[PDB]
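> Encoded as structure tokens, here's the structure I'll be asking about.
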Ligand SMILES: NC(=O)c1ccc[n+]([C@@H]2O[C@H](COP(=O)([O-])OP(=O)([O-])OC[C@H]3O[C@@H](n4cnc5c(N)[nH+]cnc54)[C@H](O)[C@@H]3O)[C@@H](O)[C@H]2O)c1
Ligand SMILES: NC(=O)c1ccc[n+]([C@@H]2O[C@H](COP(=O)([O-])OP(=O)([O-])OC[C@H]3O[C@@H](n4cnc5c(N)[nH+]cnc54)[C@H](O)[C@@H]3O)[C@@H](O)[C@H]2O)c1
Ligand SMILES: [Zn+2]
Ligand SMILES: [Zn+2]
Ligand SMILES: [Zn+2]
Ligand SMILES: [Zn+2]
């Protein structure tokens, strides 16, 4: 039995920004009280993991990244009540402690125990469970899924259906749930509305899925890579536009196309300029714009507050507004009942050992989601 | 009889920015089709009128300003069906055409016929009804209430209760309705919540009234003029704070006071820095911030979009979100039924001839609302 023992396993360590991951042996400590050690089965490559590499999202290095994943519990620390060894689980990059003022609020989900606002790269107790070459290695968002084994706090894991296909449902740990919830929960897209979705990657495609599920009449996809348009239309886009094709700014184009502005817009890229464009293209009196993309570290946008005074609503969210531990198992159950599809997001499959090729695919524009198998 | 004739009457003409109003004779043309000529009874001094004087709010000059008022219909043009001679009325600086996409939307109120976005300073037909010393004089927001008589489009006037005290209910034409609706309709303040209100002038006091009516448990008033605090507490503030008293930025103070951020914040001043402060002091995961203050012309704010990505909602509104022609008569009926008070907003009552003394009271910090009586 490995219970109570250090596990030696392979992980993808990021020693430096703007460098390939290093696949090499790490030591994974056993779980302490209220911790869970997970044998990973599948993990997706999310652009947010690439943001760690590029320095767009600052978190302490060296680090084991990865946050979109599914696995099987290897062991539980003292006092764990919500999972058992052998359970299928999805790590939760947004925890759900159940006790803070956000967890108790009917509409909050950004639990105060998160490691996203001001990342420390540790477990809840301020320490690390990972050693590599004798050196402590940081965690990422309390998940660190680019490893054959990880250790997470109990508030950062959800038990899911024992019959779940882990190589699909790992996407419920980030990209699918984020995009879908941003439409259905955060924006609250209405039947018959017109939506504009900026960025047609895995998260933007999931936004489109949610807009279509909510009954939008028009869903306009916006991307500078026209190779993204075919899949966007397959999952519900009615029109796609490439800003590079137009002489005028795309907010003017979208305002014209929607006969005075869209009902709902979504920024699903991570650029300051497209956050402001996406706000501007929603109707000035009653439009809603949702920021989903992660902005570059410490940079401020500039905007004219008259865009809000006329009546627009501007909001953002983490993880589609879903309370993570309550919602992830329900989303898996709904997937099992065919209430939504995940295959449209999966364009590539690789073994974990080919993680760097998976990041190459994302950076070239060729992939939506690559799923890595351990 | 005056019907069908030019009226020569007294008005307050603003010939150029940053000068006193000139109280002098103007000619007021009779109403054309679908227009209404009103004998003014009372008009309030709103900070937005001072924004015209100061160049904070750009509108064509020379101009008859004034937009918060009540009067009696003198005559109606062909085709008017909603008011008759002798009716008490409130001019609507936000029209309600009933035909545009905003008017048809359940939550929109910023009718596309407004003259606020891109001010032309005319009637709907692109012409003026005012002459002074042989020169055409612009309208202001389709109202122009600093005149013994004005002409408005039918979509810019509402009939109110014949028994209405016009020297009080003129405030339903702007300041009361704007603040009250910003709380009850735009923010949708909840029972038991904590609110922060930046700016304790007539509009901010009306926000406090709305927050109290909605059942807020805590209402924190914020002003650099501590002379505003006593009246803020009278109408429902539980605490007041002056940013000048603190070594820390007031967003940090308010976050500490509210044990992690307020539920609802309101910017009721018109400064870029307080718009960002007000957003920052609402709880990062579920807080709502409403911009009510009018920003200085053409100036952009700077902010970190992580404030929104965590879950905040940022919105603004004109006229408290109220559909103007539907709402103004109901607000007057509610005032007549003692559902809210207006006297706390009224600090001074002067003859119209003292308009410049009324503006000096506002600029000195000494008044909330001055009502001018014709
Ligand atoms: N809020 C959350 O909880 C959360 C969760 C998951 C992802 N994210 C972020 O969401 C964003 C999208 O992630 P993803 O879908 O994995 O990324 P992705 O697959 O890189 O997709 C981004 C898309 O944006 C397109 N694009 C780039 N620049 C422009 C431009 N100027 N105009 C229009 N399109 C452009 C690009 O071609 C690509 O198809 C990233 O910033 C992520 O970090 C946020
Ligand atoms: N959105 C709308 O439809 C609408 C309607 C009416 C008024 N307005 C605007 O709302 C704002 C308030 O109008 P009002 O109540 O008539 O004005 P007001 O009576 O001048 O009140 C403004 C208050 O802000 C206070 N103040 C000034 N600077 C600061 C600061 N740095 N920090 C905190 N307090 C400060 C000031 O002392 C005063 O008590 C103005 O910008 C108006 O133009 C908007
Ligand atoms: Zn929590
Ligand atoms: Zn992600
Ligand atoms: Zn209209
Ligand atoms: Zn006003």
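We number chain B the way Swiss-Prot does; in order, the residues shown are 2-375.
Using the three backbone atoms N, Cα and C, a Cβ is placed for every residue, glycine included.
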> Select one of B:23, B:49, B:55: the residue that Swiss-Prot places in the NAD(+) site alongside B:200, B:201, B:202, B:203, B:204, B:205, B:224, B:229, B:293, B:294, B:295, B:320, B:370.
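The one candidate that Swiss-Prot places in that NAD(+) site: B:49.
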> Taking B:171, B:175, B:196, B:212 as the options, which does Swiss-Prot list with B:47, B:49, B:68 at the Zn(2+) 1 site?
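The candidate from B:171, B:175, B:196, B:212 that Swiss-Prot ties to Zn(2+) 1 along with B:47, B:49, B:68 is B:175.
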> Cβ under 6 Å from an atom of ligand 6: which of these binding-site residues qualify? The list is B:98, B:101, B:294, B:320.
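What lies within reach of ligand 6, judged by Cβ under 6 Å, is none of the binding-site residues.
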> Determine, using Cα-Cα distances only, which of these recorded positions is closest to residue B:229 (NAD(+) binding site): B:2, B:49, B:104.
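Smallest Cα separation from residue B:229 (NAD(+) binding site) among B:2, B:49, B:104: B:49.
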> Report the recorded positions (B:2, B:49, B:68, B:98) that meet this criterion: Cβ distance to the nearest atom of ligand 2 under 6 Å. Use sequence order and write none if nothing qualifies.
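List returned for ligand 2: B:49.
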> Using all protein chains shown, find which of the binding-site residues B:47, B:112, B:201 scores highest when you count other CB atoms within 10 A of its CB.
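Selected residue: B:201.
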> Around residue B:104 (Zn(2+) 2 binding site), how many other CB atoms lie within 10 A of its CB?
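If we count other Cβ atoms within 10 Å of residue B:104 (Zn(2+) 2 binding site), we arrive at 22.
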> Would you kindly give the Cα-Cα distance separating residue B:320 (NAD(+) binding site) and residue B:98 (Zn(2+) 2 binding site), rounded to the nearest Å?
15
> Which of these recorded positions is closest to residue B:47 (Zn(2+) 1 binding site) if you go by CA atoms: B:2, B:112, B:201, B:203, B:320?
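So, of the listed recorded positions, the one sitting closest to residue B:47 (Zn(2+) 1 binding site) is B:203.
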> Using the residues the record lists for NAD(+) (B:49, B:200, B:201, B:202, B:203, B:204, B:205, B:224, B:229, B:293, B:294, B:295, B:320, B:370), what whole-number Å value is the largest Cα to Cα distance?
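If we measure all Cα pairs in B:49, B:200, B:201, B:202, B:203, B:204, B:205, B:224, B:229, B:293, B:294, B:295, B:320, B:370, the largest is 23 Å.
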> Around the Zn(2+) 2 site formed by B:98, B:101, B:104, B:112, list the extra residues of the same chain whose Cβ is within 8 Å of the site's Cβ centroid.
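Output for this site, in sequence order: B:96, B:97, B:99, B:100, B:102, B:103, B:105, B:113, B:114, B:156.
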